[PDB]
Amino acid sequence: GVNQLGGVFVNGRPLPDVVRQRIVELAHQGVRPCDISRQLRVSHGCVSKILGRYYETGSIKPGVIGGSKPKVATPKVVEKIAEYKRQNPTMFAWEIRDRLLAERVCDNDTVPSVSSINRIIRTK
């Protein structure tokens, strides 16, 4: 994609480190953000966020994009899984599920799937 200043951009992706770098630099040299923006062909909004994060952080590294937070893999639930396995190291994945239900730790909706629960064991 091409912005209205004439710049080349990739919708969704961070501005290249080499450029974020230049942005900070020019600002350091005393160039006004509106000029940098108009010059380096970058939306003043963007120049703004970058400069601001740098002044507030010291980095030119953009935030971490993507991922998600746990849904079923609740903190407590993750522990219960450790407790059950610790008690009986060979209890099956589906048996842990029934125990989580039997002790009301999870609903018929909260309850983590077998795959997930074995995934919890593996990764913890």
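Residue positions are given as counts along the sequence shown, with the first one as 1.
Between 102-110 and 18-26, it is 102-110 that carries the larger average Cα temperature factor according to the deposited entry. Annotation for 84-92 versus 28-36: the higher mean temperature factor (C-alpha) is found in 84-92. Based on the entry's C-alpha B-factors, the most elevated value among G52, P62, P75, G67 belongs to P75. Annotation for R41: C-alpha temperature factor in the middle third relative to the rest of the modelled chain, per the entry.
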